[PDB]
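S.K.: Quick one: the structure is below, questions incoming.
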Amino acid sequence: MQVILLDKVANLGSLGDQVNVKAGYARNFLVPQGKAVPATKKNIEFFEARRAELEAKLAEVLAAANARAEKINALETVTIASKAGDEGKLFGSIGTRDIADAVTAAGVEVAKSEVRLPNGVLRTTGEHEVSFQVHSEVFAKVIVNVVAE
Amino acid sequence: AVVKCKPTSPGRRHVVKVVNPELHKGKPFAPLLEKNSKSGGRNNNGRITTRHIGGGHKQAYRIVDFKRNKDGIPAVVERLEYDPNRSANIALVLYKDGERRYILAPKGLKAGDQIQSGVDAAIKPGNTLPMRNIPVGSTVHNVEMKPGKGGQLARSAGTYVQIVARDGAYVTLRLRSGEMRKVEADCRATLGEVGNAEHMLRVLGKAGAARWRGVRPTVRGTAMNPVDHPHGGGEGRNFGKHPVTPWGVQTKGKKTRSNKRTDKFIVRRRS
Amino acid sequence: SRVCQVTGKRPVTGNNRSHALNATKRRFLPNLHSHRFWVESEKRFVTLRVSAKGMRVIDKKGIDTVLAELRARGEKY
Amino acid sequence: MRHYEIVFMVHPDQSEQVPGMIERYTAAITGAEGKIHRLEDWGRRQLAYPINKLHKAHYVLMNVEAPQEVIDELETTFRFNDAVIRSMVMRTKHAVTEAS
RNA sequence: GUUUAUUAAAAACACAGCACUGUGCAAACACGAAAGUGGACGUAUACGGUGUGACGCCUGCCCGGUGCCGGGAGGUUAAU
């Protein structure tokens, strides 16, 4: 494919490469997510002066704004005080919805789709490490303290 | 109990009736009934598809609550009713808020027992709860396939599923026929065995118990014609062939299980 | 029916010529697939049942040109 | 009421949650109108054979006078729990004292 | 009880019972180029096919051929 790239892909993307990829990776991942534009004799002219000169640094400062969105919450901790079972065995397993609502109500305003859970649905009541996908390289180290009630 | 009838006439000799004395003798709860129109084994095209059914006594559909969407609500079992479309009995249960619902009646259930539903349900039989608070090794029924489906497995009379393994978010179950398979741990189940376990002991006595139920007499392949069945023909009780279906598919041993979508869920096949 | 939206492909009839040249009428069916396109000119999802050759044509052309051809032919998108 | 000598083992990270279970069990004892006799926690020590792995389980003795309904409910809370592994209830025999 | 309406009402068909086989639900199977239905608003004490035909005594041998199932070590093996 002659598809020119826009985002910093962690394998072959370095802001302006013409690396040959398959059509299924371009049509289903790069195009609908805005990651890359298929270049056929006019998008090269679009990327030549209008995109690589101005909009690449705009994407870089939007990545810096995502880093600042990570740097909104300086506490980086969430104390969940939901109802629990008798001596452990928590009542309801907390997914990404309640964690995203607790971070959005006080702290980072990131959406639910960037929230990742390394330790499952967090059935164990205690200290847990939760990372956020605010950026493809810089990750979060949120310390969630599940407290039994 | 299971009462064998006396041979007062030719036809009542082999009648063995399963008489439950605790069933309510009266009309059921009317807003939970709807119509159940008979089909006779015919599709929208009007041709017969599932043969050897038709006729019999009429019946009305009872809306039996499968999902148990109420959580944290106590439930007092009002009475027991006989569902004609099932093999086991159903239970009319009056909830705390005043809503009467039909559920599947377990084995250890009488008039006056208290059950509940939700994740805060106990280990007492009759409670419906998801498969992440149940101790591994007990007996469950009304097994849901997907979270929120309602329940597909272990719902006939006497059918029960024992929990074998718990691999993270997967629950490996042993079914009634003996097929090990994995389901989602978020699926719900009702504790205990399904009641009316003596329902297999009825041997129906006569042809009339097959006729008024909906079982039509079955014609053998030897009695048919070569244009009507692959078997048949010959000058007097000649078989001379291999046992097949009337549509040319081999029977008495042929694995037709071919979907290739739920083979990951199946652990060990039926033996 | 089995009509491609972009290329207009439809099933035709042919012969199933065996080793003994036995002419048996059968039907040639196109490789139709219902794929959901992200359109940037409309910024939305468009479900199209198209052929994979039509998918290669859309991979060559722009999606706005394909939607313009569907508008010119009066097809619903 | 009869004297019941309860011995149960607990898993270690759940043996960190033992005193709350002791408070719940003595609340059930107070509901049984019986007096507690042996609050001696034997503690976390080494097992003799592999019993549901991660060795060195937690021994607790109770030894309380209780009726039959309360001990049936307290046995069902034992058998239906992943925390309590190998509980047992024994005879009366004029319930006993120090130097276990 | 039913059957060749219009030469055969029977030992024929069928029958509850018994056995084998398949199927974990969007099930098998069937109608339908397909959608969609029956099965079933049932789900392994259920359904479909086969064989026999209440009940008592029972059902002995053989996997050579054929049919079915399992295993892929090896030989052969088209399409690309």
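Ordering of the structure tokens sets the chain letters (A, B, ...), residue numbers begin anew at 1 in every chain, and ligands are numbered from 1 in the order given.
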Need to verify the contact set: residue 59 in chain C, 12 Å, only C-alpha atoms (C1' of nucleotides), exclusion of same-chain residues closer than 2 positions in sequence. Can you return it as a short mmCIF file (atom, residue, chain, number, x, y, z; two decimals) with C-alpha atoms, in the first residue's frame?
M.R.:
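Listing of part.cif after writing:
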data_model
loop_
_atom_site.label_atom_id
_atom_site.label_comp_id
_atom_site.auth_asym_id
_atom_site.auth_seq_id
_atom_site.Cartn_x
_atom_site.Cartn_y
_atom_site.Cartn_z
CA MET A 1 0.00 0.00 0.00
CA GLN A 2 1.06 3.59 -0.71
CA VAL A 3 -0.72 4.76 2.46
CA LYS A 22 -1.54 -5.04 4.16
CA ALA A 23 -4.91 -3.69 3.03
CA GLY A 24 -6.72 -5.07 6.07
CA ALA A 26 -5.06 0.13 6.55
CA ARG A 27 -8.78 -0.13 5.74
CA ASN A 28 -9.93 -1.39 9.15
CA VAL A 31 -8.48 4.82 8.18
CA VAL A 37 -4.65 8.43 5.04
CA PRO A 38 -4.35 6.44 1.78
CA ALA A 39 -2.03 8.43 -0.49
CA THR A 40 -2.68 8.27 -4.25
CA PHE C 37 -17.41 1.63 5.82
CA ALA C 52 -14.40 -7.97 -2.87
CA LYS C 53 -13.45 -6.75 -6.35
CA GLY C 54 -15.65 -3.76 -5.55
CA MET C 55 -13.74 -3.51 -2.27
CA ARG C 56 -10.51 -3.29 -4.30
CA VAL C 57 -12.11 -0.58 -6.48
CA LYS C 61 -10.87 5.25 -5.51
CA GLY C 62 -12.06 7.65 -2.86
CA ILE C 63 -15.11 6.76 -0.78
CA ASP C 64 -16.73 10.11 -1.65
CA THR C 65 -16.45 9.23 -5.35
CA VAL C 66 -18.18 5.89 -4.68
#
S.K.: Write out as a list in words the set of residues from range 22-141 of chain A that DSSP, computed on the backbone, places in strand (DSSP E).
M.R.: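 Reading the DSSP output for range 22-141 of chain A, strand (DSSP E) covers residues 36, 37, 77, 78, 79, 80, 127, 128, 129 and 130 of chain A.
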S.K.: Work out how far apart CA of residue 41 in chain D and CA of residue 60 in chain D are and give it in Å to one decimal.
M.R.: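 These two atoms are separated by 5.1 Å.
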S.K.: Could you check the closest approach to residue 44 in chain C for each of C:77, C:11, C:1, C:6 and tell me which residue wins, using only C-alpha atoms?
M.R.: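 Under the stated criterion, the closest residue is C:77.
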S.K.: Where does chain B meet chain E within 6 Å, residue by residue, with the nearest atom pair and distance in Å to one decimal for each, counting only C-alpha atoms (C1' of nucleotides), listed by chain and rising number, as a tab-separated table?
M.R.:
residue	atom	partner	partner_atom	distance
B:41	CA	E:38	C1'	5.6
B:42	CA	E:38	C1'	5.3
B:43	CA	E:38	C1'	4.4
B:44	CA	E:37	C1'	5.5
B:49	CA	E:30	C1'	4.4
B:50	CA	E:39	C1'	5.8
B:157	CA	E:45	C1'	5.6
B:200	CA	E:45	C1'	4.4
B:205	CA	E:16	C1'	5.1
B:206	CA	E:16	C1'	4.3
B:207	CA	E:16	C1'	5.3
B:245	CA	E:49	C1'	5.8
B:252	CA	E:21	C1'	3.8
B:253	CA	E:21	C1'	5.1
